[PDB]
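Colleague: Residue numbers (the deposited numbering), protein chains in the order written: chain A, 1 to 259, 264 to 541; chain B, 4 to 258, 262 to 540.
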Ligand SMILES: Nc1ccc2c(c1)c(-c1ccccc1)[n+](CCCCCCc1cnnn1CCNc1c3c(nc4ccccc14)CCCC3)c1cc(N)ccc21
Ligand SMILES: Nc1ccc2c(c1)c(-c1ccccc1)[n+](CCCCCCc1cnnn1CCNc1c3c(nc4ccccc14)CCCC3)c1cc(N)ccc21
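1. In chain B, what lies closer than 7 Å to residue 416 of chain A by C-beta?
2. Is it the case that the stretch 203–220 of chain B contacts the stretch 88–108 of chain B, given that we only count it when at least three CB pairs across the two stretches are under 8 Å?
3. Quick one: residues in its chain with C-beta nearer than 7 Å to the C-beta of residue 485 of chain B, no 5 flanking neighbours on either side, listed in chain order?
4. Quick check: is any heavy atom of ligand 2 less than 7 Å from the C-beta of residue 352 of chain B?
5. Assign residue 325 of chain B to one of three DSSP states: helix, strand, or coil.
6. Using DSSP's beta-bridge definition, name the partner residues of residue 500 of chain A.
7. Please confirm if residue 385 of chain A has its CB atom under 8 Å from at least one CB of chain B.
8. Determine the extent of the beta strand (DSSP E) in which residue 301 of chain A is found, giving its start and end residues.
9. How would you call residue 196 of chain A, buried or exposed, if buried means at least 16 neighbouring beta carbons within 10 angstroms?
10. Shorter than 7 Å, the distance from the beta carbon of residue 337 of chain A to the closest heavy atom of ligand 3, or not?
11. Can you say whether residue 263 of chain A is buried or exposed, counting buried as having 16 or more other CB atoms within 10 angstroms of its CB?
12. At least one CB of chain A closer than 8 Å to the CB of residue 360 of chain B: is that the case?
13. Closest Cβ-Cβ distance between residue 46 of chain B and chain A: below 8 Å?
14. Please tell me whether residue 304 of chain B and residue 464 of chain B are closer than 8 Å, where the distance is taken between their beta carbons.
15. Closer than 9 Å by beta-carbon distance: list the chain A residues that pair up with residue 522 of chain B, in chain order.
16. Look at residue 46 of chain B and residue 162 of chain B and say whether their C-beta atoms are less than 8 Å apart.
17. Only counting the same chain, and skipping five residues up and downstream in sequence, which positions put a Cβ closer than 7 Å to that of residue 263 of chain A?
18. Give the list of continuous alpha helix (DSSP H) stretches no shorter than 4 residues that lie fully inside the stretch 209–238 of chain A.
19. For a quick check, are the C-beta atoms of residue 130 of chain A and residue 62 of chain A less than 8 Å apart?
20. Is it the case that the Cβ atoms of residue 288 of chain A and residue 298 of chain A are separated by a distance below 8 Å?
21. CB residue 407 of chain A to CB residue 230 of chain A, shorter than 8 Å?
22. Going by the DSSP bridge assignment, what does residue 252 of chain B pair with across the sheet?
23. To the nearest angstrom, how far is it from the Cα of residue 365 of chain B to the Cα of residue 166 of chain A?
24. May I ask which residues mark the beginning and end of the alpha helix (DSSP H) holding residue 173 of chain A?
25. If you draw a straight line from the C-alpha of residue 239 of chain B to the C-alpha of residue 374 of chain A, how long is it?
26. Applying the criterion that 16 or more other CB atoms from any shown protein chain within 10 Å of the CB defines a buried residue, is residue 404 of chain A buried or exposed?
27. Show which residues of chain B have a CB atom less than 9 Å away from the CB atom of residue 535 of chain A.
28. Residue 167 of chain A by DSSP, collapsed to three states: which one?
29. Mind pulling the chain A residues with CB within less than 7 Å of residue 526 of chain B?
30. Quick one: Cα of residue 409 of chain B to Cα of residue 419 of chain B, how far?
31. For residue 457 of chain A, which three-state DSSP category applies?
32. Please list, in chain order, the chain A residues whose beta carbon lies closer than 9 Å to that of residue 373 of chain B.
33. Any C-beta of chain A sitting closer than 8 Å to the C-beta of residue 508 of chain B?
34. Evaluate contact between the stretch 325–335 of chain B and the stretch 442–459 of chain B, counting only Cβ atoms and requiring at least three cross-stretch pairs below 8 Å.
35. Examine ligand 2 and report whether any of its heavy atoms sits within less than 7 Å of the Cβ of residue 74 of chain B.
36. By the criterion of Cβ-Cβ separation under 8 Å, what are the contact partners of residue 530 of chain A in chain B?
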C-alpha cells in the first residue's frame, strides 16, 4: 500500500515502520512509537545484557506506545495527579525494550539535531511514554528529532551478581546504550543527524546521561549532554560491587532462592514471577532511608571502570559540552515518602525532634557525629525551634545532599578539566501544580516546561508560562545544535555565561529574563563535598 | 593644705592631688598601698593587708608597675608603647588609685572598679587609657583601679602547695575589692554599689570574681569587655600549671625535684628579670592568644572550670554588661603569625591561612583544624588574599573572644542574670594601627574612659559626643544595672540580651541599632560542634 500517508513509511535496519501523524498546536508531527530495539529480554534473558533486535518482516505498526518495563507502581496518594502522573500508562511487561521517535511533518530535507531523552524514576520506575516526555512540541516547534527509549528498571535492569556471566549488572544502562546505538544506525532514515546527538535526562536519567559520559563505549554515540536534577557521582546513583552483591543475594533469599555459586541463584531468580521481584525490591536497603533505591548502577569495573567520583576527578573532558542544573526544591517531594511529620495534605510543620530524626533517614550513611554536623549546619540558631524553618531545612538537606551538591561537584570538576558547562537553577512553580505550596518547585517539575507542554492550550498553563516554555525549548535545542544555549543573533536578551571554577556562574530560569548568579550553594556544598567526607573516621 | 585632698582611711592618712579635667577639677589619690609588698619570701604568696602607717602618706602619684614583660615588637610605635609600663617596674606594686569628684560627693556615689587586661602577664592601672579623671568629673563617679601581680609573680602555681597556691593575682584583686568595701565611703563612694569593669584579661578577671563566692559580697554588678572566664586562654588545669611551673623552674636552674617547697624556695632566690626571661618558653605549642601564667582551676578560688561554673551557677541577682569590638583578632596576628605586619596590608596566601589556623587554634587536631578552614574559607573567592587575611583575624577573635562572650551571655541570661550585650564598631581617628586591623582588641577603652573629651588629644567632635554617650551607658549601668538613660524618654532602647531573642546593640557613631544573634551560626560551630571533635 498504496493508500497511506507517504510521510509515515520509513525503513530502518530491522525492517519497515508505519508511523502516525499527530497534532501539535502549531501543526502536524510524525511519530514512530514502539520501535523495538532489543530482543524481548524475557525468560533466560532476564538480568542479561540486551541483544540487538532481530529484523522483522512486513510493515511494523509504530503508531502507539509499547509496554512499560516491569516496576513498582506508586500508591502513596490514590487518585492524586501529583503522584499518578509518574506511574505507568501502558501495560507492565518484561517485554518493554522499545523506543520512540518524534520528527517534523514533513520530515526535514537536511539532517537535524537529535535529542535523546532518558527518563528518571530512581532506576526503579519510569517510562518514555509519559505525558510529560511528549516529544511532539520540541519536534513541531524547534524542528527537532527527539528520541526516547524504555530501559529496564529495578531488579530487571540492575540486580547484579558482580563478576558473574548470568547477571553482570548495569543492564539498564546497556539497554540505553543500545537505543543509543540504534540511533547512530537509523536516525538518518528520519532525517536526524547522527553526528549531532544530545543526551538529556532528569534525576535517574540525568545520572544515566552522566554514566554515558563516563563510559568509553558510549562516548562515540553522542556529542553533547544535559543533566537535569541528577548526577553519576553522589550517594544514590551507584552502589559498590559488594553492596550490589549483598542486595541481590538478600532479594534472592526473600523470594525463596537460597544462596553456593551464582548460576543456581540467578537461575532460580529467573524462575520467579516478575511481580514477586517487584514485591520484595524495597526490602534490601541497609537502613530506613529516602532518596535511596535498591537496584542501581554498580561500579563493576566494566561499564564503570571506577567510581563516578574517581572518573570525574581524573577524566579528560576536553571539549564536551554539558548543560547541568537543579530545581528550587529538590528535596521537598522525597519527604512525603517516608519521613515522619511530612505530608502533602498539610503544612508539614515539624518539631526539632522530627528534624533530627529526618536527618538520620535523610543521610543514612552518616555516623552520629556527622548527622549532628548536618543538624548544626542547617539549624537556624536564631530560631532553632521554628517549625517552618525546620521543615524547610529538612527539605534543603535531602535536596542539597542528593542533588544540588553532587551537581555542584560535577560542574566544578568538569569545568576544571576541559568541559564547557552551563549551569542553571529552575525556580518556576507551575500554575497547574497539585502538590502543596510548601514543596516549592519539586523534583521533576521543570520537565513539563523543557518539553513544551504549556503550549498545549487544553492544559491550562498561563500565557506567561507558554512564553517561558518557548524560551526553555530554545535554550535546550540551541544547546543541542551548537553547544551554546544562547541565540547567536539575539544580543539584547541577557547572555548565559559558562560555569567556571574561577566565577561559578549560573542562571535563574523563571518568568523574568535571565539573571546571572555566582556560586551554586557554594558554602553549604563545601560542607557536603569537602568536609563531610573527612568525617570518614 | 586642701582639706578636700586629705582623707583618713583605715591604715592612716592620705594626701591627694587636685587634677585638671576639661569641665572642672577632680581629686586623685594615686598609689595607695593595699597590701604588704609581696616581695622576698612573699613572692608567689597571697597578699597580706597593708600595715597601718604614721603621719600623712603621699598619694599624689602612680606607684610602680608590677614586674612584667615589656613589649619590643615595634619600638617606640605609639600603638604598642601605649600598653607598655609607664612607671618603674617592681615586685613592690600592690597599690590602687581612686579618682573622685572635687568637691567630694555630698552623698554616697556608685563606685566603678577597673581591672586592666594584658593577658595576665602585663598591664598597669597607671596607663593613660585608664584615666579615671573624666568619669569622675563628668558623671560624678568614684573610680578605682588597682595593680595586681602578673606573669609568674601573679600566677605561677604548684597547685595544692602551701607556698605557691596559684591565683594570687586574682587574690590581689580581691584584696583591692575588700579595701573598697572598707574605705571608699571615706571618699564619698557607695560601698553598696560597686561595679567591676575590665577588658580582655581584666574582663576574665571580672568573670572570675563572678564565679568565686568569696568575691561576690564585694561587688553588685559587672562589665566584661572583650573577655570571659570561660574559653580557651583564661584558665589552665592544675596539671597544666604544675607542668609550666616545673618547666620554668628547670629553665632557671631550679632547684631535679623532688619537693614543692624546695622548688619554690629556689624560684624566690631568682631576680625578677630571670623569671620574665623564660616566661614565654613554657607554652605547649606555637600559638597566639595563649599566655604562659594565667589563673589555675585550683578547686579553691575556682571551685570547678569556668565552663562547669557558668553552666550550673545561680546568677539571679546579677546584672552584667558584655561585649566585643569589631575586630578582636587583628592585633594578635602581628604577634607571630607569618605573613602579618602593621607595615603592609598583610595579604596572605592560602598556605599561610592554613598555617595560621594551626597557630590560631593550637589545641586543634588535624580534622578540627580542617573544619575551621572549611568553615572560614569564602568558597566564592577561595584564594583571595583580602578574604584570607580578614578570615584569619575572624578565626582568632571568634575563637578566643566573640564566641566565648556569646556563650557566657547566654548561660548567664538563661540562669537568672540580667544581661546587656554590645558590639563596638567605631575606629578611633587617632589610631596608629593600619586600616586592615579594623577596631582592634582594646580600642574601645579610650572611649569608655572619656579620653576624647580632652581637646589636646585631637579626637573629632563626633568622637567626643560618642565618648559622652558611652560614659552615660556604663555609669547608668553602674548606677542602676541598666545602661538605659531613665531621663531620655525617646528611644531607641538597649534591650536585655536573652537566649530566645539574642538582642544586642552596635556601639558606633550612629544611634543604637538593635541586632539579634551574636555570630549565631559561627558560634554554634565553635561552641557546639567543635567540642564534639574531642
Ligand atoms: N510500603 C511500601 C512498599 C514498597 C515501596 C515503598 C513502600 C516505598 C515508600 C512509599 C511511601 C513511603 C515510604 C516508602 N518506596 C519508596 C521509593 C521512593 C519514592 C520517591 C519519589 C521518586 C523519586 N524518583 N522517582 N520517584 C518515584 C515517583 N516518581 C516521581 C518522579 C519524579 N518526581 C517526582 C516528584 C514527586 C512525586 C513523585 C515523583 C521525577 C523523575 C521521575 C519520577 C519504594 C521504592 C522501591 N525502590 C521499591 C518499593 C517501594
Ligand atoms: N621573643 C619574645 C620573648 C618573649 C615574649 C615574646 C617574644 C612574645 C612575642 C612577640 C612577638 C611575636 C611573637 C611572640 N610574647 C607574645 C605577646 C602576646 C600578647 C599579644 C597582644 C596582647 C594581648 N593582650 N595583651 N597583649 C600585649 C600587648 N598589649 C596590648 C593590650 C591590648 N590591646 C593591644 C592591641 C594591640 C597591641 C597590643 C595590645 C588590650 C588589653 C591590654 C593590653 C610574649 C608573651 C608572654 N606571655 C611572655 C613573653 C613574650
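Ideal placement from N, C-alpha and C gives every residue a C-beta, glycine not left out.
Modeller: Concretely, from the data shown:
1. For the purposes of this step, residue 416 of chain A is taken as the residue at position 412 of the first chain. Neighbourhood of residue 416 of chain A in chain B, by CB distance below 7 Å: empty, with the nearest CB roughly 10 Å away.
2. Contact between the stretch 88–108 of chain B and the stretch 203–220 of chain B is absent, with fewer than three C-beta pairs closer than 8 Å.
3. Along the second chain, one-based indexing puts residue 485 of chain B at 479. If we look at residue 485 of chain B and ignore the five residues flanking it on each side, its Cβ neighbours are 113.
4. For this step, residue 352 of chain B is matched to residue 346 along the second chain. No, since every heavy atom of ligand 2 falls outside the 7 Å radius drawn around the Cβ of residue 352 of chain B.
5. As a first step, residue 325 of chain B must be located in the second chain, where it is residue number 319. In the structure shown, residue 325 of chain B sits in a strand (DSSP, three-state: E or B).
6. Position 496 of the first chain, counting from 1, holds the residue named residue 500 of chain A. DSSP lists no partner for residue 500 of chain A.
7. For the purposes of this step, residue 385 of chain A is identified with residue 381 of the first chain, where counting begins at 1. Closer than 8 Å: yes.
8. Translated into the one-based positions of the first chain, residue 301 of chain A becomes position 297. Counting along the chain, residue 301 of chain A falls outside any beta strand (DSSP E), and DSSP gives it neither H nor E.
9. By 1-based counting over the first chain, the position of residue 196 of chain A is 196. With 16 or more other Cβ atoms inside 10 Å of its own Cβ, residue 196 of chain A counts as buried.
10. Absent from the structure shown: ligand 3. Ligands present: ligand 1 and ligand 2.
11. In the structure shown, chain A runs from 259 directly to 264, leaving residue 263 of chain A without coordinates.
12. Taking the first residue of the second chain as 1, we reach residue 360 of chain B at position 354. Chain A contact via Cβ: absent.
13. Mapped onto the second chain, residue 46 of chain B falls at position 43. No Cβ of chain A is located within less than 8 Å of the beta carbon of residue 46 of chain B.
14. Here residue 304 of chain B is taken as the residue at index 298 of the second chain, counted from 1. Here residue 464 of chain B is taken as the residue at index 458 of the second chain, counted from 1. It is not a contact, given that the beta carbons lie outside the stated cut-off.
15. The residue labelled residue 522 of chain B in the question sits at position 516 within the second chain. By Cβ distance, chain A contributes 386.
16. Against the second chain, residue 46 of chain B aligns to sequence position 43. Against the second chain, residue 162 of chain B aligns to sequence position 159. No, Cβ-Cβ distance for residue 46 of chain B and residue 162 of chain B is not below 8 Å.
17. A break in chain A separates 259 from 264, and the residue in question, residue 263 of chain A, sits inside that break with no coordinates.
18. Qualifying alpha helix (DSSP H) stretches, in chain order: 216–219.
19. Locating residue 130 of chain A in the first chain gives position 130, where the first residue counts as 1. Locating residue 62 of chain A in the first chain gives position 62, where the first residue counts as 1. Judged by beta-carbon spacing, residue 62 of chain A lies beyond the 8 Å limit of residue 130 of chain A, meaning their Cβ atoms are not closer than that value.
20. Within the first chain, numbered from 1, the residue matching residue 288 of chain A stands at position 284. Within the first chain, numbered from 1, the residue matching residue 298 of chain A stands at position 294. In this structure, residue 298 of chain A lies closer than 8 Å to residue 288 of chain A by Cβ.
21. Mapped onto the first chain, residue 407 of chain A falls at position 403. Mapped onto the first chain, residue 230 of chain A falls at position 230. Between residue 407 of chain A and residue 230 of chain A, the CB-CB gap stays under 8 Å.
22. Indexing the second chain from 1 puts residue 252 of chain B at position 249. Its beta-bridge partners do not exist; DSSP assigns none.
23. Position 359 of the second chain, counting from 1, holds the residue named residue 365 of chain B. Position 166 of the first chain, counting from 1, holds the residue named residue 166 of chain A. Residue 365 of chain B and residue 166 of chain A have their C-alpha atoms some 59 Å from each other.
24. For the purposes of this step, residue 173 of chain A is taken as the residue at position 173 of the first chain. Per DSSP, residue 173 of chain A belongs to the alpha helix (DSSP H) from 171–186.
25. Mapped onto the second chain, residue 239 of chain B falls at position 236. Mapped onto the first chain, residue 374 of chain A falls at position 370. When rounded, the distance between both Cα atoms is 30 Å.
26. Start at 1 with the first residue of the first chain, and residue 404 of chain A comes out as number 400. By the Cβ neighbour-count rule, residue 404 of chain A is buried, with 16 or more other Cβ atoms within 10 Å of its own.
27. Here residue 535 of chain A is taken as the residue at index 531 of the first chain, counted from 1. In chain order: 376, 377, 380, 381.
28. By one-based count along the first chain, residue 167 of chain A stands at place 167. DSSP places residue 167 of chain A in coil when its eight states are reduced to three.
29. As a first step, residue 526 of chain B must be located in the second chain, where it is residue number 520. In chain order: 385, 386.
30. Translated into the one-based positions of the second chain, residue 409 of chain B becomes position 403. Translated into the one-based positions of the second chain, residue 419 of chain B becomes position 413. Straight-line Cα distance between these residues: approximately 15 Å.
31. In the first chain, counting from the first residue as 1, residue 457 of chain A sits at position 453. DSSP places residue 457 of chain A within a helical segment (H, G or I) once states are collapsed to three.
32. As a position in the second chain, residue 373 of chain B is number 367, starting the count at 1. For a Cβ distance threshold of 9 Å, residue set 538, 539, 541 of chain A lies close to residue 373 of chain B, ordered along the chain.
33. Sequence index remark: in the second chain, residue 508 of chain B carries index 502 (1-based). So, interface residue.
34. Result yes; three or more Cβ-Cβ pairs closer than 8 Å.
35. Mapped onto the second chain, residue 74 of chain B falls at position 71. Residue 74 of chain B has its Cβ nearer than 7 Å to a heavy atom of ligand 2.
36. To locate residue 530 of chain A, count along the first chain from 1; it is residue 526. Per Cβ cutoff of 8 Å: 380, 383, 385.
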